[PDB]
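Enquirer: Attaching a single structure in structure tokens format; questions to follow.
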Number of protein chains: 8
Amino acid sequence: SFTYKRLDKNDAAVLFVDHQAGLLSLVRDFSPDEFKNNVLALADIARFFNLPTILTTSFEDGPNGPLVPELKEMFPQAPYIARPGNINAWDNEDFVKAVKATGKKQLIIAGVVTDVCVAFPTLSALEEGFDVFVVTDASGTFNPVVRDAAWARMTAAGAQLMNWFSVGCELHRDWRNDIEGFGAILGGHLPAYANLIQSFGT
Amino acid sequence: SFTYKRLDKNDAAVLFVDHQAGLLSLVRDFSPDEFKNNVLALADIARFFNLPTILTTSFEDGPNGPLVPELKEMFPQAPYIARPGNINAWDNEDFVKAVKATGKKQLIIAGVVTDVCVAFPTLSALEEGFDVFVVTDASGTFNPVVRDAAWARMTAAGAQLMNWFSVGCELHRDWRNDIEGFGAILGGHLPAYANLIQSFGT
Amino acid sequence: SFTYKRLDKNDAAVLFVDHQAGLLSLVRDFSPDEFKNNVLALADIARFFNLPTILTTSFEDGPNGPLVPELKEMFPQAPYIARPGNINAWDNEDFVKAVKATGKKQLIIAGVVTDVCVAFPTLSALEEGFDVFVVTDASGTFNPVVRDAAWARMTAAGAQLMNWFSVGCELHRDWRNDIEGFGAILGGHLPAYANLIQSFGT
Amino acid sequence: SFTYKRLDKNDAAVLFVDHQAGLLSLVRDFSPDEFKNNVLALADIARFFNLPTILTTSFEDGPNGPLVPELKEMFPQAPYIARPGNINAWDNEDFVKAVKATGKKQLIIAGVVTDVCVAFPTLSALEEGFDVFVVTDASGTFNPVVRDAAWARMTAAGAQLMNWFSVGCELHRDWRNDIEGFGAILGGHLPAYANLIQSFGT
Amino acid sequence: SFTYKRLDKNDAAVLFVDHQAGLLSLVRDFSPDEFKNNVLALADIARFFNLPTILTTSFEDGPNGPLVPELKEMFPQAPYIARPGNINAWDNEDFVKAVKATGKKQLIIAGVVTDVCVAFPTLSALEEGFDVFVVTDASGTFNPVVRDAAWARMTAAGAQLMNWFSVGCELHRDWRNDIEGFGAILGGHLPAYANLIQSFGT
Amino acid sequence: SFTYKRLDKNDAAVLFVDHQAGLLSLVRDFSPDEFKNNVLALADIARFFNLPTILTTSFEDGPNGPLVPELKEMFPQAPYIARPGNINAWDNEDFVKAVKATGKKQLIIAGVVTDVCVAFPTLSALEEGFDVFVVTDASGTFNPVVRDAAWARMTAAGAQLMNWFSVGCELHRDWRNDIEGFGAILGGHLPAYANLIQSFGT
Amino acid sequence: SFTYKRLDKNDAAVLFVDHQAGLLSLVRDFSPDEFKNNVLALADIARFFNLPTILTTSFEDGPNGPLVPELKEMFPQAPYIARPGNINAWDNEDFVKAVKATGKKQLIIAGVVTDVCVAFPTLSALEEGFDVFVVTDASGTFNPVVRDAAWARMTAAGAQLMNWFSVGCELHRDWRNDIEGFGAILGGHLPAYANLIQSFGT
Amino acid sequence: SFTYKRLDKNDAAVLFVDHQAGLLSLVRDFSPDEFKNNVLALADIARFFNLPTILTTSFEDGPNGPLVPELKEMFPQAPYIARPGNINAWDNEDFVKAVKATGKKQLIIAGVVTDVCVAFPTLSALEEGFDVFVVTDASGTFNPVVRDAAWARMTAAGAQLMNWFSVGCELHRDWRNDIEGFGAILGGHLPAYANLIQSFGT
Ligand SMILES: C[C@@H](O)CC[C@@H](C)O
Ligand SMILES: C[C@@H](O)CC[C@@H](C)O
Ligand SMILES: C[C@@H](O)CC[C@@H](C)O
Ligand SMILES: C[C@@H](O)CC[C@@H](C)O
Ligand SMILES: C[C@@H](O)CC[C@@H](C)O
Ligand SMILES: C[C@@H](O)CC[C@@H](C)O
Ligand SMILES: C[C@@H](O)CC[C@@H](C)O
Ligand SMILES: C[C@@H](O)CC[C@@H](C)O
Ligand SMILES: [Cl-]
Ligand SMILES: [Cl-]
Ligand SMILES: [Cl-]
Ligand SMILES: [Cl-]
Ligand SMILES: [Cl-]
Ligand SMILES: [Cl-]
Ligand SMILES: [Cl-]
Ligand SMILES: [Cl-]
């Protein structure tokens with residue numbers, strides 16, 4: 001009938017694909033403020049659950065620009081695959097080697113742009129039998145129309161569309177595993193929730 | 001072949017998941033006015049057809065805050081499961097125990113937020129063979145994008161996307177079962193329909 | 001494999017469901033000017049191809065109000081089923097009686113509201129094996145969210161989502177079948193196309 | 001399982017359907033500036049990868065108007081099928097004859113309007129076993145609602161929804177195949193990317 | 001130099017103009033739920049400060065329909081001027097007599113539609129030297145464009161554009177005048193504020 | 001002090017400026033359906049109050065195209081000034097001669113595009129001491145941004161921003177002058193008001 | 001004659017009015033992410049130019065909640081006026097005393113909500129001859145409509161409408177006064193500008 | 001007391017302020033495609049009427065980036081003022097010297113961003129008695145809210161808000177001055193108008 005394949009913190013890896021200084025100016029389907037916070041939220045979550053994290057860039061020594069400094073600072077030890085040519089990250093042998101080295105079946109992916117640098121390796125990974133979870137609000141593209149088309153194409157392939165908050169909650173399962181630690185993530189990336197915490201504290 | 005598995009007032013139960021004072025401030029994909037009306041509309045419908053109703057909250061003794069007073073006031077005998085830790089309500093044994101105690105195969109679900117507190121138990125219930133009917137306009141989340149992603153994930157699982165008005169009409173089937181009572185629900189939650197009623201009365 | 005099941009002018013019937021004066025004030029996902037034009041466009045198309053047309057209303061002697069005068073004036077010989085109680089038109093035996101009396105397998109349907117008076121008989125007709133074509137822009141509801149949920153529910157059942165222009169074009173197949181007649185329909189319901197015709201005529 | 005059926009520059013043909021001067025005034029779901037740029041972007045891409053290109057128009061000696069001069073100028077040797085009557089291009093034998101003469105199984109299609117001149121031959125081609133790739137941002141129609149319905153109908157048939165940028169990247173595979181040539185396309189149709197290039201050049 | 005002409009609860013009167021069941025179906029620049037709540041909010045405020053209130057309708061014995069029952073129920077002794085013909089309420093001598101009988105210099109006005117039934121008497125009252133305060137969110141019309149044009153016309157005439165919340169706060173001046181009474185109004189018409197109250201109460 | 005300079009049916013003239021078949025394809029800040037209805041509504045009002053009407057076009061024997069047939073058909077005896085070159089209609093001596101020949105102090109103006117063919121003669125007429133009333137929803141332009149700028153420029157000049165409905169009501173003053181005649185206009189151009197009339201008639 | 005009265009870093013004071021945990025949940029005309037960034041942006045600017053800063057709250061010991069911790073952390077020596085009752089901060093004698101103690105004629109103001117806690121003291125300050133500069137994107141309210149009404153009221157009174165970025169640039173005047181220092185503010189609150197900086201640095 | 005001060009091609013100069021590769025990535029209130037077309041349209045117009053043109057940049061040897069090559073290409077003899085520090089271009093003595101050297105009192109201004117690099121010299125120039133005409137659609141900024149605040153501030157100072165099309169038409173006055181030359185500009189920057197020309201040409 002149906003199988004609920006939900007995120008497991010022991011079976012998941014996170015992929016940050018081409019969050020580069022140049023490419024980010026192409027993102028117009030999210031505001032710069034929301035998009036920065038959403039990506040950093042996913043990064044905090046990846047760091048909080050000690051998930052194997054993989055960083056990759058496309059043509060970073062050109063107009064595409066360098067990876068945002070936050071990602072390198074937060075994951076200084078993570079596999080960093082600079083792709084000089086391959087647009088689909090899965091066409092890069094070093095990238096795929098790094099993914100399989102994690103030993104994780106679940107791939108949490110976010111990047112720029114959604115319709116290409118996210119969609120292409122998502123479709124490729126799905127073909128190889130990976131369970132792919134797309135962080136839709138940490139992935140950006142030219143406009144809502146292009147985004148919706150990318151969703152349709154990935155949905156049809158069996159990708160699970162989610163967001164950083166749902167990713168965090170599905171990984172955490174139970175508040176009591178770490179109340180303050182998890183609460184700090186929510187408070188740090190949901191200003192309305194930070195307000196609830198502060199009011200509750202008085 | 002396709003089977004129109006529609007709501008039966010003798011086979012349906014209603015689940016209100018985490019409509020709490022704090023969490024409601026996170027809902028931005030509906031205006032506070034429309035969302036309040038939609039939730040209360042579903043509640044009136046649940047009470048009107050005497051459907052087994054289950055109330056549940058998440059970490060209500062924290063920033064998430066208490067359940068809205070209207071729900072506790074309207075359903076004083078309904079099972080009330082306060083979940084101290086489990087984010088997915090289906091991971092709470094008392095919640096599932098209460099759901100199965102109703103003996104209903106059809107689950108009408110609404111809550112906050114859509115992508116988590118609604119989506120997770122929906123996927124879990126669908127996995128167990130339940131027919132899940134999602135009240136999309138009585139469920140709120142951070143923004144339309146997160147909402148649309150939640151829809152995609154629930155749709156792929158076989159969840160039926162509906163709304164409080166369609167839920168009521170599918171339950172009621174025939175106007176003549178109770179013209180005044182059902183009309184009062186419509187008039188009380190559709191101001192435009194209330195206007196039609198008043199004009200017709202003159 | 002996929003089969004292009006397209007509209008045939010010898011096998012299609014049109015269903016106008018509850019386009020009533022009162023209920024139309026509930027429609028907010030289309031502007032009153034656009035919605036009136038779209039419905040009348042579908043009507044002109046139904047009449048142009050001499051398609052079997054069925055008119056039905058819900059509780060017309062109440063706040064729901066009478067059928068819009070245009071539909072009755074254009075189809076004075078069409079079966080007119082006033083449903084006193086059944087919300088789903090397919091639960092009315094006389095309505096179903098009229099549909100099957102046409103001998104048409106393809107059902108072109110439009111009405112108010114989309115999530116109920118269109119969705120419910122669409123799902124019912126799909127269950128009995130009918131090919132149902134929904135005229136999405138001649139069907140109205142409370143808001144875009146409710147509409148999108150209704151689309152999702154009908155889509156999963158196998159309904160084909162279309163619009164009055166595509167319905168007309170799929171029925172007509174070839175311009176040369178009636179250049180003057182078909183062009184008059186397009187010009188009469190697409191002001192931009194009327195402008196092209198006038199400019200071309202000088 | 002799932003198969004990533006991606007565009008191959010050796011197995012793909014591009015179809016420009018009815019981008020005519022008159023019909024373009026019907027397109028309102030894209031701004032005239034963006035739509036012009038998107039169509040021309042797709043054209044540059046088709047020429048860059050030397051893809052078999054087919055131009056077709058509908059009733060061009062009438063109000064529909066002539067094909068835009070750019071398409072005829074850029075593809076002077078491409079098959080040009082002026083369709084006298086058939087609205088669905090696949091109902092035109094000369095058009096289908098030209099498509100099959102390319103020997104390409106992958107069809108990249110764009111045109112006006114989306115719900116008819118794109119949707120109909122897309123569904124027809126899918127029926128014959130072609131892999132159809134729809135350039136959603138190079139296809140225009142009356143409004144977003146009509147667009148979404150067309151997407152739903154084509155998605156249900158197995159069409160792959162894409163955009164000119166993703167189409168180009170999936171065709172190109174690797175930057176190093178032609179850095180200057182491919183970069184010139186991006187800069188020429190993404191003003192933001194042109195800005196990245198100029199800043200990088202200083 | 002500038003003079004802050006702010007609302008004074010001893011020098012202000014409230015005018016409810018043509019909030020009738022029929023005319024309300026014309027209001028599309030606000031949703032039915034938000035508009036009802038806003039109008040009732042202004043009514044609660046008017047009653048709370050015991051402000052001289054005037055009710056008026058236009059051609060109520062026709063399609064325009066009766067005044068909403070809430071307004072008559074809340075102000076049973078307030079002057080009720082049924083205007084059989086005059087569109088501008090200020091052209092009705094009984095209406096003007098009632099306005100001046102209050103002896104108030106400040107006129108708080110709301111109604112349907114904004115561009116006519118609000119704008120016209122606003123401009124007329126400003127001409128006679130009244131200080132007119134427009135409750136913009138308790139006044140509805142066909143669309144945002146019509147709204148903005150009406151604002152511009154009233155702005156140029158010297159009308160002060162406000163909303164029910166700002167009207168309430170400017171009248172109240174100080175919380176300590178009546179904390180419970182005023183808080184009940186806010187909580188009863190701001191679902192977000194009611195939630196703050198409930199969380200604070202636990 | 002402020003003076004309410006309202007429309008008088010004995011002191012007003014209507015100016016239709018460049019509502020031509022070609023130029024109308026430039027109008028994108030209104031949908032083709034609503035814009036057609038609004039212009040025809042203004043036309044009906046001008047004819048209903050027997051107001052001196054002036055029709056003018058710009059370079060009609062070129063791409064701009066002919067005046068829409070409805071306007072000439074409704075006003076066959078009205079002054080028709082085809083402007084060969086002058087973009088500002090007020091720079092055309094025949095146009096100004098016709099305006100002053102009406103002997104009317106109040107100028108009701110609508111046209112295409114708003115920022116030019118409406119704005120320029122509006123400012124010119126305001127300079128000559130005319131009272132100018134702009135029908136904003138019967139005037140179209142490229143986009144909302146351009147429209148708002150045109151509003152700002154005309155507002156600063158002392159132009160009164162209105163719409164066809166408010167224009168009609170300010171001219172009519174009292175329903176009882178002609179209930180049936182005026183009601184027919186409203187019903188004929190407000191699809192929702194037509195519905196109110198039909199329900200009231202039952 | 002017009003005088004450009006622009007911000008002077010030696011003659012300006014900054015007012016933060018009621019940016020409280022509870023009241024912030026009422027702000028819906030900005031996303032929580034952009035709004036938090038904008039307020040913190042203004043705070044960094046106030047600190048960067050060492051401007052006299054004044055913090056004030058309204059009924060902080062109730063549902064309104066405490067001031068956001070960032071403001072208190074950044075301005076430990078700033079005047080902190082807790083207003084127990086007065087809604088208009090200018091009706092509070094300690095607040096006005098603190099404002100006049102700065103000796104600054106130019107008031108940069110931001111707060112929650114715009115139509116009340118910002119508008120009221122703005123109008124009051126303008127009455128006392130102060131030059132008031134409104135930071136529109138660091139001020140929040142219920143919805144865009146209420147915001148625009150507040151703008152109209154403050155504009156008509158002579159307030160200068162601005163935003164944190166324009167405020168900063170007008171204070172800074174010249175880049176060379178502190179290139180690195182000012183650039184850090186821009187980079188820290190404009191993610192798009194931070195990207196330009198990083199790309200430029202490689 | 002109103003004087004229509006319209007653009008004169010013998011008394012006007014054009015100012016392009018900081019249209020730089022870096023700063024353009026900050027513009028989000030216009031799409032990259034529309035904004036590029038709008039700026040280039042203004043440039044073509046400036047060149048067409050041989051208007052004195054002044055180019056200026058802000059900190060171009062930094063993240064702000066170089067001036068777009070098109071402006072530099074079209075005006076190789078125009079005064080080029082690179083401002084190393086002054087944010088307000090009017091604070092640069094070389095810029096003001098160049099403006100006054102043209103001998104033009106009417107200033108046509110466009111740039112990035114609207115609220116700063118356009119607003120500041122606009123306000124300064126108005127102070128010195130210049131007539132300033134703002135090309136609103138050739139000026140970009142962070143978002144519509146920031147845009148509108150800038151409009152309000154410039155409007156209050158007496159700036160005339162326009163757009164490139166209206167600017168061109170007000171300069172051209174009469175079509176017959178140069179039919180083909182002016183028509184080529186319109187056709188080259190209005191795709192909908194280009195379509196009219198092509199259809200008319202057949
Ligand atoms: C916490 C967030 O909602 C606001 C914090 C800013 C205003 O300092
Ligand atoms: C929308 C309509 O029900 C308004 C109701 C009054 C009470 O505000
Ligand atoms: C009680 C109200 O403020 C919250 C809205 C709930 C009823 O959905
Ligand atoms: C065909 C239509 O766009 C013209 C009729 C209206 C503009 O008067
Ligand atoms: C008469 C009008 O208000 C209804 C619109 C269409 C459905 O007839
Ligand atoms: C710098 C900003 O544009 C993006 C930074 C986030 C994506 O880590
Ligand atoms: C490059 C693009 O973003 C705008 C600049 C034009 C004017 O060249
Ligand atoms: C819109 C037209 O004028 C330009 C041609 C584009 C569609 O290639
Ligand atoms: Cl590579
Ligand atoms: Cl639990
Ligand atoms: Cl029945
Ligand atoms: Cl053919
Ligand atoms: Cl009267
Ligand atoms: Cl002329
Ligand atoms: Cl106080
Ligand atoms: Cl300088």
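Here's how to read the names in the structure tokens: chain A, B, ... by the order shown, residue numbers from 1 in each chain, ligand numbers from 1 in the order shown.
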Please identify the residues whose atoms come within 6 Å of ligand 2, using only C-alpha atoms and all ligand atoms, and report them as an MDAnalysis selection string.
Expert: (chainID B and resid 191:192 195) or (chainID E and resid 24 32 35:36 39:40 68 70)
Enquirer: Keeping only N, CA, C and O atoms, write the selected residues to a file as a PDB file, in the first residue's frame.
Expert:
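Saved file selection-v4.pdb follows:
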ATOM      1  N   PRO B 191     -19.888  34.613   5.542  1.00  0.00           N
ATOM      2  CA  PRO B 191     -20.541  35.922   5.635  1.00  0.00           C
ATOM      3  C   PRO B 191     -21.317  36.277   4.372  1.00  0.00           C
ATOM      4  O   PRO B 191     -22.362  36.921   4.451  1.00  0.00           O
ATOM      5  N   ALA B 192     -20.809  35.846   3.223  1.00  0.00           N
ATOM      6  CA  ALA B 192     -21.489  36.075   1.957  1.00  0.00           C
ATOM      7  C   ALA B 192     -22.767  35.248   1.877  1.00  0.00           C
ATOM      8  O   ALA B 192     -23.760  35.682   1.294  1.00  0.00           O
ATOM      9  N   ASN B 195     -25.358  36.765   4.135  1.00  0.00           N
ATOM     10  CA  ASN B 195     -25.979  37.894   3.451  1.00  0.00           C
ATOM     11  C   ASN B 195     -27.096  37.436   2.521  1.00  0.00           C
ATOM     12  O   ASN B 195     -28.134  38.090   2.417  1.00  0.00           O
TER      13      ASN B 195
ATOM     14  N   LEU E  24     -22.804  44.164   0.017  1.00  0.00           N
ATOM     15  CA  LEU E  24     -21.598  43.529   0.542  1.00  0.00           C
ATOM     16  C   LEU E  24     -21.006  42.513  -0.428  1.00  0.00           C
ATOM     17  O   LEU E  24     -19.819  42.194  -0.354  1.00  0.00           O
ATOM     18  N   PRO E  32     -14.405  38.256   2.787  1.00  0.00           N
ATOM     19  CA  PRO E  32     -15.622  38.326   3.611  1.00  0.00           C
ATOM     20  C   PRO E  32     -15.363  38.176   5.115  1.00  0.00           C
ATOM     21  O   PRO E  32     -16.027  38.844   5.907  1.00  0.00           O
ATOM     22  N   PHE E  35     -13.435  41.439   6.447  1.00  0.00           N
ATOM     23  CA  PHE E  35     -14.292  42.614   6.370  1.00  0.00           C
ATOM     24  C   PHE E  35     -15.360  42.607   7.460  1.00  0.00           C
ATOM     25  O   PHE E  35     -15.634  43.640   8.068  1.00  0.00           O
ATOM     26  N   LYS E  36     -15.949  41.442   7.714  1.00  0.00           N
ATOM     27  CA  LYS E  36     -16.953  41.309   8.765  1.00  0.00           C
ATOM     28  C   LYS E  36     -16.363  41.613  10.136  1.00  0.00           C
ATOM     29  O   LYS E  36     -16.958  42.337  10.934  1.00  0.00           O
ATOM     30  N   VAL E  39     -15.581  45.481  10.481  1.00  0.00           N
ATOM     31  CA  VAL E  39     -16.776  46.297  10.668  1.00  0.00           C
ATOM     32  C   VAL E  39     -17.315  46.140  12.084  1.00  0.00           C
ATOM     33  O   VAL E  39     -17.656  47.122  12.743  1.00  0.00           O
ATOM     34  N   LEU E  40     -17.381  44.897  12.548  1.00  0.00           N
ATOM     35  CA  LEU E  40     -17.837  44.604  13.901  1.00  0.00           C
ATOM     36  C   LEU E  40     -16.880  45.142  14.958  1.00  0.00           C
ATOM     37  O   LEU E  40     -17.295  45.480  16.067  1.00  0.00           O
ATOM     38  N   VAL E  68     -27.038  44.831   7.776  1.00  0.00           N
ATOM     39  CA  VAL E  68     -26.627  43.629   8.496  1.00  0.00           C
ATOM     40  C   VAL E  68     -27.204  43.652   9.909  1.00  0.00           C
ATOM     41  O   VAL E  68     -27.198  44.693  10.568  1.00  0.00           O
ATOM     42  N   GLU E  70     -26.334  42.669  12.770  1.00  0.00           N
ATOM     43  CA  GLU E  70     -25.459  43.003  13.886  1.00  0.00           C
ATOM     44  C   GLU E  70     -25.529  44.488  14.224  1.00  0.00           C
ATOM     45  O   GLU E  70     -25.608  44.861  15.393  1.00  0.00           O
TER      46      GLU E  70
END
Enquirer: Return as a list in words the residues of protein, DNA or RNA that approach ligand 9 to within 10 Å, with only C-alpha atoms and all ligand atoms taken into account.
Expert: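 Listed by chain and ascending number, the contacts are residues 56, 57, 58, 59, 81, 82, 83, 84, 85, 86, 87, 88, 89, 90, 91, 92, 93, 94 and 95 of chain A; 173, 174, 175 and 176 of chain D.
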Enquirer: Take the residues from that selection and put them in a file with N, CA and C atoms, as a PDB file, in the first residue's frame.
Expert:
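Saved file part-v3.pdb follows:
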ATOM      1  N   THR A  56      29.567  21.151  -2.391  1.00  0.00           N
ATOM      2  CA  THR A  56      30.031  21.142  -3.772  1.00  0.00           C
ATOM      3  C   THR A  56      29.735  22.468  -4.465  1.00  0.00           C
ATOM      4  N   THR A  57      30.626  22.864  -5.369  1.00  0.00           N
ATOM      5  CA  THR A  57      30.459  24.104  -6.117  1.00  0.00           C
ATOM      6  C   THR A  57      30.646  23.864  -7.609  1.00  0.00           C
ATOM      7  N   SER A  58      30.139  24.788  -8.415  1.00  0.00           N
ATOM      8  CA  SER A  58      30.251  24.689  -9.864  1.00  0.00           C
ATOM      9  C   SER A  58      30.981  25.892 -10.446  1.00  0.00           C
ATOM     10  N   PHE A  59      32.164  25.649 -11.008  1.00  0.00           N
ATOM     11  CA  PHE A  59      32.937  26.685 -11.690  1.00  0.00           C
ATOM     12  C   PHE A  59      33.173  27.885 -10.772  1.00  0.00           C
ATOM     13  N   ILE A  81      33.818  19.326  -2.908  1.00  0.00           N
ATOM     14  CA  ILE A  81      34.079  18.977  -4.297  1.00  0.00           C
ATOM     15  C   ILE A  81      33.816  20.167  -5.209  1.00  0.00           C
ATOM     16  N   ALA A  82      34.891  20.805  -5.655  1.00  0.00           N
ATOM     17  CA  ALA A  82      34.785  21.882  -6.625  1.00  0.00           C
ATOM     18  C   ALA A  82      34.712  21.288  -8.023  1.00  0.00           C
ATOM     19  N   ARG A  83      33.558  21.429  -8.665  1.00  0.00           N
ATOM     20  CA  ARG A  83      33.358  20.873  -9.996  1.00  0.00           C
ATOM     21  C   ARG A  83      33.711  21.906 -11.058  1.00  0.00           C
ATOM     22  N   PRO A  84      34.819  21.681 -11.778  1.00  0.00           N
ATOM     23  CA  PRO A  84      35.256  22.634 -12.802  1.00  0.00           C
ATOM     24  C   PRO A  84      34.343  22.642 -14.025  1.00  0.00           C
ATOM     25  N   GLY A  85      33.692  21.516 -14.304  1.00  0.00           N
ATOM     26  CA  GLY A  85      32.916  21.385 -15.523  1.00  0.00           C
ATOM     27  C   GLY A  85      31.512  20.820 -15.402  1.00  0.00           C
ATOM     28  N   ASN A  86      31.376  19.670 -14.748  1.00  0.00           N
ATOM     29  CA  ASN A  86      30.089  18.978 -14.683  1.00  0.00           C
ATOM     30  C   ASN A  86      28.992  19.778 -13.989  1.00  0.00           C
ATOM     31  N   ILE A  87      27.919  20.036 -14.729  1.00  0.00           N
ATOM     32  CA  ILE A  87      26.782  20.792 -14.221  1.00  0.00           C
ATOM     33  C   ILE A  87      25.956  19.946 -13.256  1.00  0.00           C
ATOM     34  N   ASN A  88      25.608  18.736 -13.683  1.00  0.00           N
ATOM     35  CA  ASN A  88      25.006  17.753 -12.790  1.00  0.00           C
ATOM     36  C   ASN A  88      26.087  17.213 -11.865  1.00  0.00           C
ATOM     37  N   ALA A  89      25.927  17.451 -10.567  1.00  0.00           N
ATOM     38  CA  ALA A  89      26.923  17.039  -9.583  1.00  0.00           C
ATOM     39  C   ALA A  89      27.146  15.530  -9.596  1.00  0.00           C
ATOM     40  N   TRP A  90      26.139  14.787 -10.044  1.00  0.00           N
ATOM     41  CA  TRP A  90      26.224  13.333 -10.080  1.00  0.00           C
ATOM     42  C   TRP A  90      27.088  12.848 -11.242  1.00  0.00           C
ATOM     43  N   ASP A  91      27.392  13.746 -12.174  1.00  0.00           N
ATOM     44  CA  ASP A  91      28.283  13.414 -13.280  1.00  0.00           C
ATOM     45  C   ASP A  91      29.738  13.544 -12.843  1.00  0.00           C
ATOM     46  N   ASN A  92      29.939  14.113 -11.659  1.00  0.00           N
ATOM     47  CA  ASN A  92      31.265  14.216 -11.069  1.00  0.00           C
ATOM     48  C   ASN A  92      31.553  12.991 -10.209  1.00  0.00           C
ATOM     49  N   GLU A  93      32.586  12.239 -10.577  1.00  0.00           N
ATOM     50  CA  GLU A  93      32.885  10.975  -9.913  1.00  0.00           C
ATOM     51  C   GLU A  93      33.311  11.162  -8.459  1.00  0.00           C
ATOM     52  N   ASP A  94      34.007  12.259  -8.175  1.00  0.00           N
ATOM     53  CA  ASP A  94      34.452  12.545  -6.814  1.00  0.00           C
ATOM     54  C   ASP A  94      33.273  12.855  -5.899  1.00  0.00           C
ATOM     55  N   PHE A  95      32.259  13.512  -6.452  1.00  0.00           N
ATOM     56  CA  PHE A  95      31.060  13.849  -5.696  1.00  0.00           C
ATOM     57  C   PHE A  95      30.285  12.590  -5.319  1.00  0.00           C
TER      58      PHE A  95
ATOM     59  N   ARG D 173      25.660  19.601 -20.330  1.00  0.00           N
ATOM     60  CA  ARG D 173      26.304  18.636 -19.431  1.00  0.00           C
ATOM     61  C   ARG D 173      27.547  19.187 -18.729  1.00  0.00           C
ATOM     62  N   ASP D 174      28.514  19.654 -19.512  1.00  0.00           N
ATOM     63  CA  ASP D 174      29.799  20.089 -18.976  1.00  0.00           C
ATOM     64  C   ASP D 174      30.177  21.475 -19.490  1.00  0.00           C
ATOM     65  N   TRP D 175      30.534  22.361 -18.564  1.00  0.00           N
ATOM     66  CA  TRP D 175      30.975  23.710 -18.904  1.00  0.00           C
ATOM     67  C   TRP D 175      32.142  23.706 -19.885  1.00  0.00           C
ATOM     68  N   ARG D 176      33.064  22.769 -19.689  1.00  0.00           N
ATOM     69  CA  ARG D 176      34.316  22.743 -20.438  1.00  0.00           C
ATOM     70  C   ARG D 176      34.136  22.355 -21.905  1.00  0.00           C
TER      71      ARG D 176
END
Enquirer: Between atom CA of residue 199 of chain F and atom CA of residue 182 of chain F, what is the distance in Å, rounded to a tenth?
Expert: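 Those two atoms sit 18.2 Å apart.
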Enquirer: Find the residues in chain E near chain F: any atom within 8 Å counts, using only C-alpha atoms. Write them as a list in words.
Expert: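 Every residue meeting the condition is included here: residues 22, 25, 26, 62, 63, 64, 84, 85, 86, 87, 88, 115, 116, 120, 123, 124, 126, 127, 129, 145, 146, 149, 150, 152, 153, 157 and 158 of chain E.
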Enquirer: With only C-alpha atoms as the counted atoms, please give the residues lying no more than 9 Å from segment 47-53 of chain D, apart from itself and same-chain residues fewer than 2 positions off, as a list in words.
Expert: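 Close residues of segment 47-53 of chain D: residues 9, 10, 11, 12, 13, 14, 15, 16, 42, 43, 44, 45, 55, 74, 75, 78, 79, 99, 102, 104, 168, 171, 172, 181, 182 and 185 of chain D.
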Enquirer: Taking the backbone alone, and naming residues the way the document does, which bits of segment 40-80 of chain G are strand (DSSP E or B) by DSSP, as a PyMOL selection string?
Expert: chain G and resi 53-58+67+80
Enquirer: Got time to write the residues from that selection, C-alpha atoms, as a compact mmCIF listing (two decimals), in the first residue's frame?
Expert:
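And here is the file that came out, again20.txt:
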# COMPACT_ATOMS: atom_id res chain seq x y z
CA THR G 53 18.92 56.02 21.04
CA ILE G 54 15.66 55.77 22.96
CA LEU G 55 13.88 52.52 23.76
CA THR G 56 10.25 52.43 24.85
CA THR G 57 7.65 49.72 25.46
CA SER G 58 3.89 49.58 25.94
CA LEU G 67 11.32 44.28 24.35
CA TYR G 80 14.41 52.87 28.58
